[PDB]
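A.B. asks: Starting off with a structure, shown below.
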Amino acid sequence: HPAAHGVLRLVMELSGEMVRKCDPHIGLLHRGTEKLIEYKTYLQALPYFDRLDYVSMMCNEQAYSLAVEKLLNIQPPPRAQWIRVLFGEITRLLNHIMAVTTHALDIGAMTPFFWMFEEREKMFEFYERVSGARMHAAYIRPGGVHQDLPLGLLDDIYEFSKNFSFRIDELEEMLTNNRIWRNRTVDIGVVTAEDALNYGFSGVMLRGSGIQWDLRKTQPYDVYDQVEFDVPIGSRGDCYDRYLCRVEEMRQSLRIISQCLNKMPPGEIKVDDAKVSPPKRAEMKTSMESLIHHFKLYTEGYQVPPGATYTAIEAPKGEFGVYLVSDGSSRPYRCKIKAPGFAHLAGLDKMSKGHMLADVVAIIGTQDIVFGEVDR
Amino acid sequence: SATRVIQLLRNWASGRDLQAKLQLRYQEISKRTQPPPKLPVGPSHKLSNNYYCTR
Amino acid sequence: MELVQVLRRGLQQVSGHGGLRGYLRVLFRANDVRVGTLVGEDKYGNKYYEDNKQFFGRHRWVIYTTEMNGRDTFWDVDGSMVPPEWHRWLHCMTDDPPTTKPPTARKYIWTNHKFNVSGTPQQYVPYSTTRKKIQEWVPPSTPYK
Amino acid sequence: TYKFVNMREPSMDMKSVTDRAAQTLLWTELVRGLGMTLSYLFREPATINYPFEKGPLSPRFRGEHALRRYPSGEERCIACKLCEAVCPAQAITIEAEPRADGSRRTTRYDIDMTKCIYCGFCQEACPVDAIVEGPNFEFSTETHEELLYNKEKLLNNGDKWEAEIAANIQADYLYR
Amino acid sequence: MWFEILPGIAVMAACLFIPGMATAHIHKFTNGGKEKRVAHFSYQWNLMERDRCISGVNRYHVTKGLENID
Amino acid sequence: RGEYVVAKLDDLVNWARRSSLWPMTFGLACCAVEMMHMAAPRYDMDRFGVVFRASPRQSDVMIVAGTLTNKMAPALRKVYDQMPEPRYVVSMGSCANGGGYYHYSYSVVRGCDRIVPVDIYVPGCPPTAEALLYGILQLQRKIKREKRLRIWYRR
Amino acid sequence: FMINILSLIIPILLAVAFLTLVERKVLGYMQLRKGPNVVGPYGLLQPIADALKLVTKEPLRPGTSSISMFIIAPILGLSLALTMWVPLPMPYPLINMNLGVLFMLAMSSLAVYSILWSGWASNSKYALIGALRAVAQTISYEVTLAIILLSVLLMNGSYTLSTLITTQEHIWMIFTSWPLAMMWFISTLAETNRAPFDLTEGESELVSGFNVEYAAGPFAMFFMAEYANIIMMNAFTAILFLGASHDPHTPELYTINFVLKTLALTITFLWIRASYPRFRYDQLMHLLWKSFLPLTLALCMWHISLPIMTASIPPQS
Amino acid sequence: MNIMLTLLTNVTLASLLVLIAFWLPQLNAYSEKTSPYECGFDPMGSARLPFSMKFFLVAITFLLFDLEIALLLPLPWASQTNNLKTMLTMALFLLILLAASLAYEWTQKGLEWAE
Ligand code: SF4
Ligand code: SF4
Ligand code: SF4
C-alpha cells in the first residue's frame, strides 16, 4: 500500500469501515541488525545505526556515538559537539519534512510533498558536501565527527536557513488554516495523559498530549545546554496538535541553527586521543605512533571497557536509544535499539477505536512509523 | 528572474515578497574552488608534558 | 515592453541556435532551447555550454555528441559519454573547465573514455584472478612398468 | 521553556463572529491555499535536464571503487588488508603473493558492490590511498555478475577514472 | 515557464473546436444555407411537413416565395 | 519488404512502451525514500513520461527498493507475478541487488534476483537519485533494443 | 449524418487524451515540476504514447471475477461519457431535446452504475469497498443536484439546453445565481470523482478503488470515460452559468468563446486537484446533507417565488 | 431515430475498443496473476461476506427525497399557469415538507453515521 509508509501487514477486522481490530503484523522488513552488530567492531557498527530509520541520518549514530565514548570515559572536542547538534537539528528538519508532507500524501493533497522536498534536497546537498554520500554519511562517530566541514558550507547553511523559515509558512498556509485538512485531522486519534507514557510513547506523541517532557531540556547532551529554544506543547493529544507541534518544532529547529551557526568554536574535529579516533593522514604517513595506531585501530578497533549503558537522545520522533552492553573486547556484545516507533506502533491498536479506514491512514502517519526502525 | 507583471501576480496571489529570496539557488552561494585549508592541531599536540597517564 | 522583450528572446533563441535546423535539432533531441557560451569542446564531439546567469544547477550543461566509438547516439543518450576530465566540471565539483587548467597527464590513463558496456559484447565478465591451488599428481607417461 | 501551540479562543464580537461566518459560508481560508498555489505555479520549475544536465556534487563523494597507481605506473596497493579488515560488509577479498620484483600487490582483490555498503571506509583505511571511492555514481548494469568487479577492472577503473580522483584527493588531502 | 503550458491548451482548444462549427456546418450544408429548423411543439413540426410537401422535391429546407403563387 | 513493415510497427510499440512505462509505488527500505527523492521536483520523475500507479494490474516496471526478507518474499513474488506482461524489474541499492549490508543476516534473502527476474541492477547504497534515474533510462534503451514482433516474423 | 457523429466523438477522445498531458504537466508546473516533456515537443506526443501502450498491455481477467459483468461495465462507462456529448447547446446542438437537463441527469446517474458494477465484478476487498463508497458519494450529490439544476433553469423557462443561450444573453447567469454556482461547481466535483471527492478511486486509502483488477484496455476505456465526464459536465456548467453570445450568421463566434469558458473552468478542476486534501466520504454525505441540503432548499424557495415576485416568469418557448 | 443512431454508434465504438484490447495485446495467464489482489498477500477468502453498511439509515431517506424531487420537477411548467397563487403555496408546501422531514431526521440523530 502507498499509505503503508513502506512495508507492514496491518490486518483490520472491520465491520462496514469502522475498524474493530487493527493488528499490526510487523517484521516484514526484519534485518537482524543487533545480531550482525554482535560480530562487527564498533567502527564497523557505525553504519548500522545510520540505516535504522530512513528519516534521520545522523541523529541515530549520534545516539550510538554517545553510547560508546561516554562508556569509554572520553568526551568529544567542543567544536565537534557543535557540528553534531547543528547537523542533528538539520537532521531534525529532515524527518519533519516528510513526517508532515508524506502524512499529507496519504491524507490527500500531494503538493506540500513537492514543496519542501526541494528544500529537503538542499539539506542533502550540504549532507553530501561535508560527508561522503548524500544519505548515509557515517559521519558522527564516537569521539567526534569524521572530518571538518568544507569551507563555505556554513554560508550555504546560512542562506538555506534564511530561506527556510519562508517555507514552513508555505506548508502551514496550505494545511493548518485549511478546514479540509482540519476536519480529517482534529480530534481524530486521541491519547490521554496516563496512557500516553504508559504505552511508552515519546517525543511528539507525549508533547502533543501536553506532557511536559523533552529530552533536550530535561537531560541535555553534547552542547545542547548552551543553546536556547522552545518546545511546543500540545493541548489535546490529537492529530492536529501533533502536526502543529511538528511544524513549530521545525521553526524552533531553525532558531537552533541560527545559534549554532553564530557560535561555532575553533579547534579540532575529533578527540585528540588517537587510541579512540584515527590520527590525521599527514601524521599517519610521517609519525610512527600515528601509523601503528591507525593500523591497529583500522584492524581491531578501540577496546571498550566492560559495562552497560542506555544513552538516549531526543530523536525527531521520540527517545531513540541504544542499550549498548560491552564485554570488554574490541567488539560489542549486546546492543538493543530503543525505537520510539516500536512503542508508537504498539499503541496503534489503542489509537484506532471507532475511527474509520481513512482515519487509521491518518494515525499511522501522525506517529511517523518507519519500518527499518520500528522493526530493527 | 522573471517579468515584473507576473512578479506582482506571484507576490499578490501569495501575499508575500517572494522575490527577495527564492527556493532555487543563485550566485550567492560560496564558490566551489576553495583555497587549501590549514586545519588546526589538537590540545594534546603539545610537544612536551603530554604523558598518556594524565589524559 | 517586457512582453515583446521575451518574444524577441525566443526570436533570438531560434536565430542563435543555428537557425531553424539547429533549433529543431535541440528541441527534439536536446529537449531544451537555452543558449549558453561555448565553454569547451572535447575530443569526442560533446558540445558543452555554461550560463552563469541561470539558477544553480542549471548553469553548466552538455549537448552530447552524435558519434562515440561506433555507438551512434544522435537520438539515444546516457550519462556516461562525459570524459573524466570534464565529468567533474559538469557535476560542478569545481568551477574550472579542463581547458583553463588541464589535469596532470600521465602515461597509463585511457585515451578513449568509454561508457557502460552492459548489454554490449564489450561487457565485463567475472573470472578467477588466482592461479590453481591444488594441482594433481600427473599420471606416469610410461606404460605398465 | 516551552511555547503553547494550540489554544486561542476566538472572540465572540459581532465583527469577529461574522468573520468566521463569512469564512465558513464564503470559502476564504480554503481559497487561500488555492490562491497561493496559483502563485507557486508561475514559478519556473527546479528540474535539471538529465543526462544533458547533472546535479551538484562535492569532491568528497562516494561512488565506484577504483584502484589507483603511482605516477611511475606501479599500483599503490601493497596488500596490507586493512580495507578488508574494516569493510563493514566484507565486500573485499584479498590474496597476496611475492611474484618476482617490487610488484607484489594482490593475488585477488575482489570488491563486491551488491555486498558493499559504499561507506567509503576502505578509502581512509588505506595507508597509501590505493583504494578510493570514485566520483562516478554512474556504473549501473543489467547482470548481477556485472555488479562485482575483479582486481583487473579496479585497475581499469582507476586507469579510466584517473584525472577526476587525482584532482579530488588533491583538493581534499588536508581535510582528511 | 508556464508558457510551455499553452501548447497543451493550444491543441486541446483546437481539439474542442471541431464538434462546434461542424455541428453548425453540417446543419448548414444539409439544410441549404439556412440553419437547422427545430420543432419543440406540434405547430413547428406540423410546419416542416407542409414545407416538405409544398416544395415538390420533398425537402423542408427549400422554400418557395411569392413567385410560387400566380 | 515485410521486414521493413514489421520494424516500423516494432518502432511504434517500444516507443509507447518506454515512454509510458509506469513504475510501481513499491518501497521497502533506505532506497525507497531516495527513490521518491528524485520524484521530487529536482529530478522530476514525471517529466520523463512516467506516473506512479499502485496495484499490479496498473503498472509496468517493478521498482524493488529495499532489503528483501524471508517474510517479505512471498508477497513480493505474488505481487510481481500479478503484474501483466510486459513487465520489468529494476533492483535498487546494494541490499536488493543481492544480500547487501545484511547479506549474511538470517532474515535477508541474498538477492531479489533469487525471487524475481531482474532487468537492471542499479548500484549504490543508497543509489544517488541521479544513478537510478539513469537506470530508468537504461531500461528505456533496453526496451528500445527489442525485436518482439520482428523475431516473430522470422520465427 | 454520421459524419457529424464522428466529428462529435473522435475529437473528444483526442481532447481526453490531451487532458492526460495537461493533468500531468500543469500539475507539475503547479508543483515545481516540469511535467512530461521528453516525448516529442513539450510532451504533446505523450497522450499518444499512453494510448498505444495501454492498448498493447495485457488485458487481465481475474479468476474470481464475473466475466460478463466485468466487461459490460467498462462499455457502459465509456459509452455514456461519449454519448453525453450529443445534447449540449454548443452553438448548433446535435439533438435538440426538450428535457435537456433530464437527459443530462438520467444517464449521469447511470454513469456511476458502471463505476458501481466494476467494484464487485472484480471480486475483492479493495474494489468492493470502493464500489460501496461510490454508493455513498452518489447518495449525497444526487439528492441535491436536481435541486440546483431546477433552481438555475427555473428562470430559463424550460428544460431545453438551447434556451440557455437566449436566457443568459446580456449578462452571465452566475451574476443571478452565484450561490447556486457555488453549490453546483463543487457538487460536480463530487460526481466526477476528482481529488477532493475521489473516494471511488481513493489512491492512498484503498490502492485504486474500483480499478484494482482492471488493466490495459478496460482502463483505457475507463480512463477516457471519467476524463470525458469531467470535460462534458464542465461544459455543462459553462453553459449553465457562463453562456456567451451567439450570432446566428456567425456560429463560430460562439465556439471560440464557449471553448475557453469550458477550458479555463477545466483548469480549475486541475487547480483544486493540487491544493486540497481528501474528503472522507463520512463528511461527504454528512456535509452535503447537513449544510448543503438545508441551504439548497432555501434558494430553491427563493428562486421559485421570485419569478412571481417581479413578474419575471420566463417563457417556455 | 437520430438518438438511436448515436446510441448504437456509441455502444459500438466502445465495443471495438474492448475487442482489440483483448485479442491483439497477447495472452498469458498462469493462475497467480489471475488471483485477486490483497495488497500483496492472500485474502482471508471471501469478497462475498456481508459488508454491512454503517449508514443504512440515510439510504432509505434518499429514496424518499429522490422520489419527492420528481414531484417538483414540473416546476418550470407549473410557473406558467393561470393560478400561481395556489401554485406558490403548494410548491412551497412540498419544500417545507422535505425541510421538516430533514429537520425531523436531523434532530433525532439520523444523518450521523450509525454505530
Ligand atoms: S565502502 Fe569500501 S570499505 Fe565500505 S563496504 Fe564498500 S568497499 Fe568495503
Ligand atoms: S587497497 Fe589499500 S588498504 Fe587495501 S590492501 Fe591495498 S594498500 Fe591495503
Ligand atoms: S542498499 Fe543501502 S539504502 Fe538501500 S535499502 Fe539497503 S541499506 Fe538501505
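In the C-alpha cells, each chain is lettered A, B, ... as it comes, each chain's residues begin at 1, and ligands are numbered from 1 in order of appearance.
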Based on only C-alpha atoms, which of the residues in chain D come within 10 Å of chain F? I want them as a PyMOL selection string.
C.D. replies: chain D and resi 45-51+54-55+62-64+88-91+112-119+136-147
A.B. asks: Can you work out which residues are within 7 Å of ligand 2, considering only C-alpha atoms and all ligand atoms, and then hand them over as JSON, numbers by chain?
C.D. replies: {"D": [76, 77, 78, 79, 80, 81, 82, 83, 84, 122, 125, 126, 127, 128, 129, 130, 131]}
A.B. asks: Excluding residue C:98 and residues on its chain fewer than 3 positions from it, collect all residues at most 12 Å away from it, counting only C-alpha atoms, and give them as a list in words.
C.D. replies: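 Near residue C:98, the qualifying residues are residues 39, 40, 41, 42, 48, 83, 84, 85, 86, 87, 88, 89, 90, 94, 95, 101, 102, 103, 104 and 105 of chain C; 163, 164 and 167 of chain D.
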A.B. asks: Selection from above, N, CA and C atoms, as a PDB file, in the first residue's frame, can you write it?
C.D. replies:
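What ended up in part25.pdb:
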```
ATOM      1  N   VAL C  39      31.776  26.859 -23.586  1.00  0.00           N
ATOM      2  CA  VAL C  39      32.848  26.745 -22.604  1.00  0.00           C
ATOM      3  C   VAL C  39      33.964  25.848 -23.126  1.00  0.00           C
ATOM      4  N   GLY C  40      33.610  24.744 -23.778  1.00  0.00           N
ATOM      5  CA  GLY C  40      34.621  23.829 -24.273  1.00  0.00           C
ATOM      6  C   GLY C  40      34.036  22.821 -25.235  1.00  0.00           C
ATOM      7  N   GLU C  41      34.937  22.047 -25.837  1.00  0.00           N
ATOM      8  CA  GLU C  41      34.562  21.022 -26.808  1.00  0.00           C
ATOM      9  C   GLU C  41      35.625  19.936 -26.751  1.00  0.00           C
ATOM     10  N   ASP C  42      35.269  18.773 -26.210  1.00  0.00           N
ATOM     11  CA  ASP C  42      36.234  17.703 -26.018  1.00  0.00           C
ATOM     12  C   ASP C  42      36.562  17.030 -27.351  1.00  0.00           C
ATOM     13  N   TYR C  48      29.719  21.547 -25.012  1.00  0.00           N
ATOM     14  CA  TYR C  48      29.446  21.961 -23.642  1.00  0.00           C
ATOM     15  C   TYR C  48      29.112  23.444 -23.599  1.00  0.00           C
ATOM     16  N   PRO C  83      33.807  12.582 -20.594  1.00  0.00           N
ATOM     17  CA  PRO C  83      35.172  12.144 -20.287  1.00  0.00           C
ATOM     18  C   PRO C  83      35.546  12.491 -18.858  1.00  0.00           C
ATOM     19  N   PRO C  84      36.529  11.791 -18.283  1.00  0.00           N
ATOM     20  CA  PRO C  84      36.871  12.028 -16.870  1.00  0.00           C
ATOM     21  C   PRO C  84      37.294  13.452 -16.556  1.00  0.00           C
ATOM     22  N   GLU C  85      37.987  14.135 -17.471  1.00  0.00           N
ATOM     23  CA  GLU C  85      38.420  15.499 -17.184  1.00  0.00           C
ATOM     24  C   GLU C  85      37.232  16.440 -17.030  1.00  0.00           C
ATOM     25  N   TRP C  86      36.203  16.270 -17.859  1.00  0.00           N
ATOM     26  CA  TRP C  86      35.042  17.148 -17.837  1.00  0.00           C
ATOM     27  C   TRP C  86      33.925  16.670 -16.921  1.00  0.00           C
ATOM     28  N   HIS C  87      33.939  15.400 -16.511  1.00  0.00           N
ATOM     29  CA  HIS C  87      32.856  14.877 -15.686  1.00  0.00           C
ATOM     30  C   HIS C  87      32.783  15.588 -14.340  1.00  0.00           C
ATOM     31  N   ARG C  88      33.918  16.071 -13.830  1.00  0.00           N
ATOM     32  CA  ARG C  88      33.904  16.846 -12.593  1.00  0.00           C
ATOM     33  C   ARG C  88      33.382  18.257 -12.837  1.00  0.00           C
ATOM     34  N   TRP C  89      33.624  18.801 -14.032  1.00  0.00           N
ATOM     35  CA  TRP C  89      33.146  20.145 -14.335  1.00  0.00           C
ATOM     36  C   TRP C  89      31.640  20.151 -14.561  1.00  0.00           C
ATOM     37  N   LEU C  90      31.117  19.104 -15.205  1.00  0.00           N
ATOM     38  CA  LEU C  90      29.679  19.016 -15.436  1.00  0.00           C
ATOM     39  C   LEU C  90      28.921  18.952 -14.116  1.00  0.00           C
ATOM     40  N   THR C  94      33.802  21.502  -9.251  1.00  0.00           N
ATOM     41  CA  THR C  94      34.813  22.537  -9.361  1.00  0.00           C
ATOM     42  C   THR C  94      34.296  23.608 -10.310  1.00  0.00           C
ATOM     43  N   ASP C  95      34.842  24.817 -10.174  1.00  0.00           N
ATOM     44  CA  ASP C  95      34.480  25.933 -11.038  1.00  0.00           C
ATOM     45  C   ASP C  95      35.554  26.232 -12.077  1.00  0.00           C
ATOM     46  N   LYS C 101      42.798  24.818 -17.026  1.00  0.00           N
ATOM     47  CA  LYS C 101      43.929  24.079 -16.471  1.00  0.00           C
ATOM     48  C   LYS C 101      43.700  22.589 -16.702  1.00  0.00           C
ATOM     49  N   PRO C 102      44.452  21.978 -17.619  1.00  0.00           N
ATOM     50  CA  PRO C 102      44.254  20.558 -17.893  1.00  0.00           C
ATOM     51  C   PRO C 102      44.720  19.712 -16.723  1.00  0.00           C
ATOM     52  N   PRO C 103      44.155  18.520 -16.548  1.00  0.00           N
ATOM     53  CA  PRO C 103      44.640  17.623 -15.496  1.00  0.00           C
ATOM     54  C   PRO C 103      46.030  17.100 -15.816  1.00  0.00           C
ATOM     55  N   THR C 104      46.739  16.699 -14.761  1.00  0.00           N
ATOM     56  CA  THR C 104      48.095  16.184 -14.910  1.00  0.00           C
ATOM     57  C   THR C 104      48.097  14.930 -15.775  1.00  0.00           C
ATOM     58  N   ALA C 105      48.657  15.033 -16.976  1.00  0.00           N
ATOM     59  CA  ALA C 105      48.648  13.923 -17.918  1.00  0.00           C
ATOM     60  C   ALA C 105      49.761  12.939 -17.586  1.00  0.00           C
TER      61      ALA C 105
ATOM     62  N   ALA D 163      41.910  11.167 -13.833  1.00  0.00           N
ATOM     63  CA  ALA D 163      42.062  12.612 -13.695  1.00  0.00           C
ATOM     64  C   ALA D 163      41.170  13.163 -12.589  1.00  0.00           C
ATOM     65  N   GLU D 164      39.951  12.638 -12.468  1.00  0.00           N
ATOM     66  CA  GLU D 164      38.994  13.187 -11.512  1.00  0.00           C
ATOM     67  C   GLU D 164      39.466  13.000 -10.076  1.00  0.00           C
ATOM     68  N   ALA D 167      42.645  14.937  -8.971  1.00  0.00           N
ATOM     69  CA  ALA D 167      42.331  16.298  -8.555  1.00  0.00           C
ATOM     70  C   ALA D 167      41.484  16.322  -7.288  1.00  0.00           C
TER      71      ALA D 167
END
```
A.B. asks: Define the interface residues of chain D facing chain A as those within 7 Å, counting only C-alpha atoms, and report them as number ranges by chain.
C.D. replies: D: 1-6, 29-30, 33, 58, 60-62, 82, 85-86, 88, 119, 125, 175-176
A.B. asks: Residues of chain G within 6 Å of chain F, using only C-alpha atoms, as a PyMOL selection string?
C.D. replies: chain G and resi 32-38+49-50+53+58+207+212-215
A.B. asks: Name all residues at most 12 Å from residue C:51 (count only C-alpha atoms; drop same-chain ones fewer than 4 positions away) and give them as a CSV table (one decimal) with N, CA and C atoms, in the first residue's frame.
C.D. replies:
```csv
chain,number,residue,atom,x,y,z
B,26,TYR,N,21.2,30.6,-6.4
B,26,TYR,CA,21.8,31.5,-7.3
B,26,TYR,C,23.2,31.8,-6.9
B,27,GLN,N,23.8,32.8,-7.5
B,27,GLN,CA,25.3,33.1,-7.2
B,27,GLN,C,25.6,33.5,-5.8
C,34,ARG,N,17.7,26.5,-24.6
C,34,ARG,CA,18.5,27.5,-24.0
C,34,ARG,C,19.9,27.6,-24.7
C,35,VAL,N,20.4,28.8,-24.8
C,35,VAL,CA,21.7,29.1,-25.4
C,35,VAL,C,22.7,29.5,-24.4
C,36,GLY,N,23.9,28.9,-24.4
C,36,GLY,CA,24.9,29.2,-23.5
C,36,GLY,C,26.3,29.4,-24.2
C,37,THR,N,27.2,30.0,-23.5
C,37,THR,CA,28.5,30.2,-24.0
C,37,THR,C,29.2,28.9,-24.3
C,38,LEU,N,30.0,28.8,-25.3
C,38,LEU,CA,30.8,27.6,-25.7
C,38,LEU,C,32.0,27.5,-24.7
C,39,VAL,N,31.8,26.9,-23.6
C,39,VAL,CA,32.8,26.7,-22.6
C,39,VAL,C,34.0,25.8,-23.1
C,55,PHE,N,19.8,29.9,-12.6
C,55,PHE,CA,19.8,29.5,-11.2
C,55,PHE,C,20.7,28.2,-11.0
C,56,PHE,N,21.1,28.0,-9.8
C,56,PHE,CA,22.1,27.0,-9.5
C,56,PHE,C,21.6,25.6,-9.9
C,57,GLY,N,22.5,24.8,-10.5
C,57,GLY,CA,22.2,23.5,-11.0
C,57,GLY,C,21.8,23.5,-12.5
C,58,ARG,N,21.6,24.7,-13.0
C,58,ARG,CA,21.3,24.9,-14.5
C,58,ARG,C,22.2,25.9,-15.1
C,59,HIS,N,23.4,26.0,-14.6
C,59,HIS,CA,24.4,26.9,-15.1
C,59,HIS,C,25.3,26.2,-16.2
C,60,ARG,N,25.7,25.0,-15.9
C,60,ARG,CA,26.6,24.3,-16.8
C,60,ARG,C,25.9,23.0,-17.3
C,61,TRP,N,25.9,22.8,-18.6
C,61,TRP,CA,25.1,21.8,-19.2
C,61,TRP,C,25.9,21.3,-20.5
C,62,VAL,N,25.4,20.1,-21.0
C,62,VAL,CA,26.1,19.4,-22.0
C,62,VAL,C,25.2,19.0,-23.2
```
A.B. asks: In Å, rounded to a single decimal, give me how far atom CA of residue G:194 is from atom CA of residue H:63.
C.D. replies: 25.4 Å
